[PDB]
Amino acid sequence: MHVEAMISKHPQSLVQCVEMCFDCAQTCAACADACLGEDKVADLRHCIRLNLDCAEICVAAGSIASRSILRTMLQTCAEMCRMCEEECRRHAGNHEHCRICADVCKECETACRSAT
């Protein structure tokens, strides 16, 4: 990622938040698709949905963070990540993709809470 490089070269920490929003975005988008592909998919609906929302909010939060609504947006992104960690945590026993994503969600929650 080039968050740090770019944030020092602009004419006018948070770095961690941005790295993580894009990381967590990609990851939940991956997890939605993985859950969608499972045989027990019918049981994963809420998880897929949350993953889709967490992807969307993290892209949004990370783009904004790359440029104020930011405080608010990072609170929201923190709330979302937590919702999505909790759900992805449930499935961590049976699905390795939800262990991986649940931890990425945890780390991005942390990162949004301390950015505010």
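Counting begins at 1, following the sequence as shown.
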Discussion item. Can you tell me how many deposited residues have no coordinates between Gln12 and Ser13? The categories are none, 1 to 3, 4 to 9, and 10 or more.
Written reply: 4 to 9
Discussion item. Between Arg67 and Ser68, how many residues of the deposited sequence have no coordinates in this entry: none, 1 to 3, 4 to 9, or 10 or more?
Written reply: 4 to 9
Item to complete: Mind pulling up the entry and telling me whether 52 to 60 or 70 to 78 has the higher mean Cα temperature factor?
Response: 70 to 78
Worksheet item: Comparing 84 to 92 with 24 to 32, which has the greater mean CA B-factor as deposited?
Response: 84 to 92
